[PDB]
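Peer 1: experimental coordinates follow, after the sequence.
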Amino acid sequence: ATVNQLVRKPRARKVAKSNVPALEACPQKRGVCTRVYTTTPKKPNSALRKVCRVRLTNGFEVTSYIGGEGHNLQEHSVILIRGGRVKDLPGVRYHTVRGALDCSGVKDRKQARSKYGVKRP
Amino acid sequence: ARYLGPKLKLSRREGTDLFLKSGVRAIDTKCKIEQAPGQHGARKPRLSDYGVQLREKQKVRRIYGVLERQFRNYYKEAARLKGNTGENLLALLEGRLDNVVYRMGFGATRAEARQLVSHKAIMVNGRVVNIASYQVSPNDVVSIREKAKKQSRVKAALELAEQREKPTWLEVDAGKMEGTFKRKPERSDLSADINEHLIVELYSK
Amino acid sequence: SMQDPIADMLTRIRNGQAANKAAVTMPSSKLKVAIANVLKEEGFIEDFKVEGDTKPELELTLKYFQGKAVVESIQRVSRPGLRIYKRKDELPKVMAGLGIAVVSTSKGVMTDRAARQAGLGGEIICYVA
Amino acid sequence: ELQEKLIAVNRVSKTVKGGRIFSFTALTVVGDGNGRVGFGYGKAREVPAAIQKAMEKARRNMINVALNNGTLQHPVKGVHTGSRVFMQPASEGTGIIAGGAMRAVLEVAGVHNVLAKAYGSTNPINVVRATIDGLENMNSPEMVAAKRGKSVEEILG
Amino acid sequence: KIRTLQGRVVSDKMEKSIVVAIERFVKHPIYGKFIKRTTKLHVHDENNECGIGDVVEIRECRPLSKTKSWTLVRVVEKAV
Amino acid sequence: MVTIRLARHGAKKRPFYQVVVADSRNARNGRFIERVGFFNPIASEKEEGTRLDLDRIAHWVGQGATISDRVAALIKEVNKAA
RNA sequence: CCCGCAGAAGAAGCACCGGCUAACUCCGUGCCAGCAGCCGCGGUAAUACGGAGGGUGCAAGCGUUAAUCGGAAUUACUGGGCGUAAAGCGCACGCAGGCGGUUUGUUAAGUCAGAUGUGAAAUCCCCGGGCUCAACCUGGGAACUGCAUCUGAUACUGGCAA
RNA sequence: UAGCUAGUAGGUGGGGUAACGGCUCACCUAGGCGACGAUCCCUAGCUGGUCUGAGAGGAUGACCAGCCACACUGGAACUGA
Ligand SMILES: [Mg+2]
Ligand SMILES: [Mg+2]
Ligand SMILES: [Mg+2]
Ligand SMILES: [Mg+2]
Ligand SMILES: [Mg+2]
Ligand SMILES: [Mg+2]
Ligand SMILES: [Mg+2]
Ligand SMILES: [Mg+2]
Ligand SMILES: [Mg+2]
Ligand SMILES: [Mg+2]
Ligand SMILES: [Mg+2]
Ligand SMILES: [Mg+2]
Ligand SMILES: [Mg+2]
Ligand SMILES: [Mg+2]
Ligand SMILES: [Mg+2]
Ligand SMILES: [Mg+2]
Ligand SMILES: [Mg+2]
Ligand SMILES: [Mg+2]
Ligand SMILES: [Mg+2]
Ligand SMILES: [Mg+2]
Ligand SMILES: [Mg+2]
Ligand SMILES: [Mg+2]
Ligand SMILES: [Mg+2]
Ligand SMILES: [Mg+2]
Ligand SMILES: [Mg+2]
Ligand SMILES: [Mg+2]
Ligand SMILES: [Mg+2]
Ligand SMILES: [Mg+2]
Ligand SMILES: [Mg+2]
Ligand SMILES: [Mg+2]
Ligand SMILES: [Mg+2]
Ligand SMILES: [Mg+2]
Ligand SMILES: [Mg+2]
Ligand SMILES: [Mg+2]
Ligand SMILES: [Mg+2]
Ligand SMILES: [Mg+2]
Ligand SMILES: [Mg+2]
Ligand SMILES: [Mg+2]
Ligand SMILES: [Mg+2]
Ligand SMILES: [Mg+2]
Ligand SMILES: [Mg+2]
Ligand SMILES: [Mg+2]
Ligand SMILES: [Mg+2]
Ligand SMILES: [Mg+2]
Ligand SMILES: [Mg+2]
Ligand SMILES: [Mg+2]
Ligand SMILES: [Mg+2]
Ligand SMILES: [Mg+2]
Ligand SMILES: [Mg+2]
Ligand SMILES: [Mg+2]
Ligand SMILES: [Mg+2]
Ligand SMILES: [Mg+2]
Ligand SMILES: [Mg+2]
Ligand SMILES: [Mg+2]
Ligand SMILES: [Mg+2]
Ligand SMILES: [Mg+2]
Ligand SMILES: [Mg+2]
Ligand SMILES: [Mg+2]
Ligand SMILES: [Mg+2]
Ligand SMILES: [Mg+2]
Ligand SMILES: [Mg+2]
Ligand SMILES: [Mg+2]
Ligand SMILES: [Mg+2]
Ligand SMILES: [Mg+2]
Ligand SMILES: [Mg+2]
Ligand SMILES: [Mg+2]
Ligand SMILES: [Mg+2]
Ligand SMILES: [Mg+2]
Ligand SMILES: [Mg+2]
Ligand SMILES: [Mg+2]
Ligand SMILES: [Mg+2]
Ligand SMILES: [Mg+2]
Ligand SMILES: [Mg+2]
Ligand SMILES: [Mg+2]
Ligand SMILES: [Mg+2]
Ligand SMILES: [Mg+2]
Ligand SMILES: [Mg+2]
Ligand SMILES: [Mg+2]
Ligand SMILES: [Mg+2]
Ligand SMILES: [Mg+2]
Ligand SMILES: [Mg+2]
Ligand SMILES: [Mg+2]
Ligand SMILES: [Mg+2]
Ligand SMILES: [Mg+2]
Ligand SMILES: [Mg+2]
Ligand SMILES: [Mg+2]
Ligand SMILES: [Mg+2]
Ligand SMILES: [Mg+2]
Ligand SMILES: [Mg+2]
Ligand SMILES: [Mg+2]
Ligand SMILES: [Mg+2]
Ligand SMILES: [Mg+2]
Ligand SMILES: [Mg+2]
C-alpha cells in the first residue's frame, strides 16, 4: 500500500517453485534405476507400495512410483519417468511410465490401458 | 466424423423425439421412449445445473449431426456476429446444406440428406457440393442433379415432407426436385422447444 | 497535518449528511467556492455564503429529500499523493452518467458533462454519486 | 408471481449429551421477474420441511428493485460480511453471466443480462444478501431527478 | 525555433564545459504518480560564464568530446 | 539499385504476388520501401484481377528505379489507352 | 477437376462413470492387491480397487505428462491489508526525499486542447472477395493505445516574486 | 555487490579518420560517474508480434518481416563503393 512506497519498492511477484525438478520443462526423462523396493505409506492407508530410486540422466537422484500390479524392474533396467505425486509415500513425487523402455506393460489389463501401457486383446 | 451407432438410443436419453429415425413412418412407439435411456433407465436423475446445460447442448448437436469441435466453432462465429449470441448459434446450424436438404424434403432423415449431399447428388447455383457443413448463403437454389434425379430414395422421402411442418424461410418446387433458399431462418419460425440460452451458458464458462 | 483542504471539505459534507446536520462551516478558499458552487448549481447543496473579511468561513447548507440524505456518496479522486488528470475522451461518468465528477479544466472548474461538450479535459477532483 | 428457486441446502450439527443431532438449512430466493426480490433462509429437522420454511420467509422478506427494461441502472457494489459483490448493467444482448447463488437472485429479480462477480468469500447466504443490499441501494434516474429538484432530461441528457 | 532545453547547473569546474541537470516531471507507467526525474548532461561553453546553481538553456549539436554533445545557447537567471 | 518486383505470397499451388518497390540486395519477401499494387495469376475473369498504382511508379521509374521482367509486362497489361 | 466401372464392400477407437463433474449394477479381492487432480476409497454386502455388463464424453483422434496465463481481489495501479487471523520498528530527533494553509501576481515545466509528421509490412479487428466448404490465401477500412514538434487554454499542480 | 575511475574528465597543439571525436598523442588543468543504483556479479539477442486477460496487466519472442551479432578457437590487416 501507499502509492509512493510502491514507486520506491514495486510489487514483488511470488515466484512459486515447481513441484517436480526434472529441469528445462521436460515431459519425461530416462533413468538407469537403482534399488527397487517396497515402502509403507502415511496414516489411514497401510500397504507395501512398489517404488524405485531413479538415477536420472541430467544428474538428479529421485524416487519414482511403479503403478499397476506387478513389474519387471530390478537392480538396473532403464526406465522412463513422468511427473506426478503419489500423495501417500512422502518423498515419492514421480511415476514410471509403464510400457516405455525396459518397464513392460501390466499383465492382463482391459480397462484403461494407455495408462499402464498394454496393447489390445 | 459421424455418429454411426444406435440412433434411437440417443432420443430416449434426451427424452424428446430428435428426428434421427423419423423416416417413412410418422410416429415410432417402438423403443419405450423417455423411460429407458439404458439398463438403469428407471433411475430418476438428480440432474444438476451443469447437467441440464450439457443435455441441452447434446440434444441440439444430435439433432443436426455435428460434433463438439465443429459445434464449438459455430459458437465462436456466433459470438463475433451481430445481434444475439443465442440466435446466431442456431441460425448457423440451420444454414448447413445437409440441414437445408432435409428441410426441403430430399431425405427422410438428416443422415440420409447428409449422404445425399456427400454422394454428388445435391447441386447449388450450378455447382456440385459434397460438404454437409456448406453454409447456404441467403438467396440460393439447391437442387438434385439429373443423373440421380427421381431415384427410389428421394420420391418416397419427398412424400414424407408433406406431413412435416415445412419452413417458411425456404420453398420447394416438388416436380423437378428444385429447391430455393430465400431468407435467413428466424428464431420463432422453427423449433419453439430447444433452448439456446443454456448452450450459451455452457461455453461462456 | 492538513495537506489536502479539498478532501477535508468533502468529509465535512459526507459526515454532516450522516449526522443529519443542517449547515457545515469551514475555512474558505478559491477552489472551495468553485467546488461548492458546482455542487449547488446541479443540486446536491441548497444555498451557501462566504461570510467574513479577514478570516472567511464558507458554510454550506446540506440538502435532504426524504429521511435519507441527498449526497449518497462523495470521494476524492485526484488527491495530492496521486494527482489524476484525465483526457477529453477518457473522462469518467459516475454512476453511468446520473452522478457527476467535478473536474478542474482550463476554462474554470466545471462538471464532467459540461467538459465533454466544451471540448476539453483536466484534473478530476471528486466523484459525487 | 412465484418464480421461486433454491440456492443451497446445508446440514448443520448441534451436539448433545447423547450424540449429535443434524438439522438442515435451506436458502431460497423468490421474485416476480419484474423488480421484486426476496431471500429466505429457513431451517428444520428434515430437508423438504426446511425449504417450505425458507420459501415462507422469502415471500414476506421482499425488497423493491427499480431496474431499466431488463437490466440494472448503474455499476453497483454491495458489501456484506465477507462478500464484496460487483455487478455492471450491460446492454440488451448477452445473458446473466454471474456465479451460482448470485445469479439465482438476479434472474428471479428480473434482470435479463448483467456482468457480475463475487470477490472475497463466496458463502451462499452472504453473497445473496450482498446482491440484495446492492439492488436495494441501486437508485434510478427518476429517483435521482426528484432527489435534487432539477429535471429528468437535464440530468440524463 | 531551435529545439532548446532548460536546466539548472550542477557543476562548472572543468574548464570550458559545464554539467547541467534537467528536471523532467514525467509520470510513473504502472502506478500513475508523477515522479521528479533528472537528466544530467555534459555541455560546452566558451569561458567560465555560468557558475554553480543557476538555470541554463541548452541546444543539441555536433559531438565535441567523449560525452558533451550538447552546447550552450544563453544564460537566464544567474546564480544567487 | 531500387527495383519494382513481385514478392510472392499466397498458399501452396495458389500464388499471389505483391508487386513492390525494394532494393535489389534485399530478399524477395524481405525489406521494401513501399508496396505499389498487387498481382494474382489465378484470379481469372471476375471482379478483381490485377491492380497497379501508376502514380507511385512515376516517383520511382522517373527518378531511377528498374522494373522487373514480369512487372514491366503488367504495365503493358494495364495499358495507357486500353 | 470431370466422367465410366465394381460392390457396404476397404475404412473406430479410448477416456471415464464416490463428490467436485455428464454416467450404474454384478462378481473377484478383503487396509492385501491396487487407485488417487483435491477430498479421500480397500479391515469379507466396495458405485472409488480388478474384471464383466451398462452408461456418459469426445471421436481419427483420445487421454497422460510438461510448459504459460486465467480463475488467484493468493503482490491488489484499476482492485487487498497490518487490535485478537501473516503483518505498527521499543521510543524519539533529523539531513536527503514525499507532501504542504492562504490571496495577489507572472510564466507555461506538468496538465489540457488543437494541428502536422511519424507509429515498416505482416499480425489483430470489421465489411468484402477467392479457393466445391473450411482452415488457408486475399482487397479496402479501422487501428498501431505511441513519440516528436508546432500553436494555443490558465482551473488546477510546479516555478519565481509580493 | 558502496564506491568505481588515470587516456581516466576537460583544454591547447600536432598527427590520423570518408567524416567529428582521448579516435590517438604530447603537455596543461583535477576532474568524471555515483543512492533518479555507478562499479562488480548472475541471466539475456532485440522489436513488429505470439499466447493469455473483462481490461489493466502476466508470460513469451519457434514460424513470416526489420535491426544487431557471430562463422573451427584467438588475433591482425590486405582487397575493395
Ligand atoms: Mg491498493
Ligand atoms: Mg477432426
Ligand atoms: Mg472434422
Ligand atoms: Mg471465463
Ligand atoms: Mg477569491
Ligand atoms: Mg486578513
Ligand atoms: Mg481574503
Ligand atoms: Mg443441560
Ligand atoms: Mg477466501
Ligand atoms: Mg564518441
Ligand atoms: Mg543490411
Ligand atoms: Mg492467363
Ligand atoms: Mg448393392
Ligand atoms: Mg462389413
Ligand atoms: Mg470364488
Ligand atoms: Mg484376511
Ligand atoms: Mg493384510
Ligand atoms: Mg499381506
Ligand atoms: Mg481407475
Ligand atoms: Mg479426514
Ligand atoms: Mg466391509
Ligand atoms: Mg462382492
Ligand atoms: Mg464406496
Ligand atoms: Mg473416481
Ligand atoms: Mg470400479
Ligand atoms: Mg474397477
Ligand atoms: Mg454407449
Ligand atoms: Mg461404451
Ligand atoms: Mg489431437
Ligand atoms: Mg492432446
Ligand atoms: Mg497443468
Ligand atoms: Mg492476478
Ligand atoms: Mg497458482
Ligand atoms: Mg489479505
Ligand atoms: Mg494503519
Ligand atoms: Mg499477530
Ligand atoms: Mg498492528
Ligand atoms: Mg508501538
Ligand atoms: Mg532499536
Ligand atoms: Mg511538492
Ligand atoms: Mg509544494
Ligand atoms: Mg496550494
Ligand atoms: Mg516542494
Ligand atoms: Mg492556495
Ligand atoms: Mg481572480
Ligand atoms: Mg489573471
Ligand atoms: Mg496572466
Ligand atoms: Mg499568459
Ligand atoms: Mg503568453
Ligand atoms: Mg506545458
Ligand atoms: Mg509554450
Ligand atoms: Mg507561449
Ligand atoms: Mg504535455
Ligand atoms: Mg495532449
Ligand atoms: Mg493531442
Ligand atoms: Mg502495421
Ligand atoms: Mg492484443
Ligand atoms: Mg467463400
Ligand atoms: Mg462464393
Ligand atoms: Mg487483409
Ligand atoms: Mg491495408
Ligand atoms: Mg488507416
Ligand atoms: Mg503495428
Ligand atoms: Mg504497437
Ligand atoms: Mg497518435
Ligand atoms: Mg516535449
Ligand atoms: Mg511548447
Ligand atoms: Mg512561443
Ligand atoms: Mg492563477
Ligand atoms: Mg497554488
Ligand atoms: Mg501558482
Ligand atoms: Mg567507408
Ligand atoms: Mg498483439
Ligand atoms: Mg484471445
Ligand atoms: Mg480476450
Ligand atoms: Mg482477471
Ligand atoms: Mg522480454
Ligand atoms: Mg526474452
Ligand atoms: Mg519457444
Ligand atoms: Mg530456429
Ligand atoms: Mg518455413
Ligand atoms: Mg529457418
Ligand atoms: Mg529473420
Ligand atoms: Mg543499423
Ligand atoms: Mg548499428
Ligand atoms: Mg561481424
Ligand atoms: Mg559478418
Ligand atoms: Mg559456421
Ligand atoms: Mg576467427
Ligand atoms: Mg577474425
Ligand atoms: Mg568492387
Ligand atoms: Mg582501401
Ligand atoms: Mg568509400
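Peer 2: Perfect, I can see it now. Numbers count the residues shown, from 1 in each chain, chains lettered A, B, ... in the order given. Ligands and ions are numbered 1, 2, ... in the order given.

Peer 1: report the central residue of the chain.
Peer 2: All of this is about chain A. residue A:94 (0.9 Å; CA atoms, centre = their mean).

Peer 1: think we crossed wires, I meant chain D
Peer 2: residue D:105 (3.8 Å).

Peer 1: what do you get for chain E?
Peer 2: Short answer for chain E (CA atoms, centre = their mean): residue E:20, at 3.2 Å.

Peer 1: which strands and helices sit next to the host helix or strand of it?
Peer 2: Under the criterion of DSSP states H and E, residue E:20 resides in strand E:17-24. With contacts defined as 3 or more CB pairs under 8 Å, 6 or more residues apart in numbering or on different chains; DSSP states H and E, strand E:17-24 has these neighbours: strand E:4-11, strand E:37-44, strand E:55-60. (C-beta placed from N, C-alpha, C; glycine too.)

Peer 1: which positions in that strand come out as buried?
Peer 2: Residues of strand E:17-24 classed as buried by neighbour count (16 or more other CB atoms under 10 Å in any protein chain shown): E:17, E:18, E:19, E:20, E:22.

Peer 1: any idea how far residue B:28 lies from residue B:160?
Peer 2: Taking CB to CB, to the nearest Å as the measure, residue B:28 falls 14 Å from residue B:160.

Peer 1: which one's more surrounded, the two?
Peer 2: Higher neighbour count among residue B:28 and residue B:160: residue B:160, with 17 against 13, using other CB atoms under 10 Å in any protein chain shown.

Peer 1: if we can go back for a sec, list just the nearest of the buried residues of strand E:17-24 to residue B:185.
Peer 2: Using CB to CB, residue E:22 comes nearest to residue B:185 of the buried residues of strand E:17-24, at 67.8 Å.

Peer 1: do stretch E:39-50 and RNA strand H come into contact?
Peer 2: Yes - contact between stretch E:39-50 and RNA strand H, assessed by CB under 7 Å from any atom of the strand, occurs at E:40, E:42, E:44.

Peer 1: need those residues in CSV with distance to chain C and neighbour count, can you?
Peer 2: Below are the residues of stretch E:39-50 next to RNA strand H laid out as CSV (distance: CB to the nearest CB, whole Å; neighbours: other CB atoms under 10 Å in any protein chain shown):
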residue, distance to chain C, neighbour count
E:40, 26, 11
E:42, 33, 16
E:44, 37, 17
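
Peer 1: now tabulate those residues in CSV and tack on distance to RNA strand G.
Peer 2: Shown next, in CSV, are the residues of stretch E:39-50 next to RNA strand H (distance: CB to the nearest atom of the strand, whole Å):
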residue, distance to RNA strand G
E:40, 14
E:42, 19
E:44, 20
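
Peer 1: picking up where we left off before, tell me, which of the buried residues of strand E:17-24 make contact with RNA strand H?
Peer 2: Near RNA strand H, by the rule CB under 7 Å from any atom of the strand, you find E:17, E:19 out of these.

Peer 1: tell me which of the helices and strands packed on strand E:17-24 sits nearest to residue F:61.
Peer 2: Between the helices and strands packed on strand E:17-24, strand E:55-60 lies closest to residue F:61; by CB to CB that is 38.2 Å.

Peer 1: now for the helix or strand following that closest one, which elements pack on it?
Peer 2: Where DSSP H and E defines the elements, the next helix or strand beyond strand E:55-60 is strand E:70-75. Here strand E:70-75 touches strand E:37-44, strand E:55-60, going by 3+ CB pairs under 8 Å, 6+ apart.

Peer 1: what comes up buried for the shortest one?
Peer 2: Put plainly, it is strand E:55-60. E:56, E:58.

Peer 1: would you map the helices across chain B?
Peer 2: Here chain B has its helices, by DSSP state H, at B:7-14, B:49-64, B:68-80, B:85-94, B:97-104, B:110-118, B:152-160, B:197-204.
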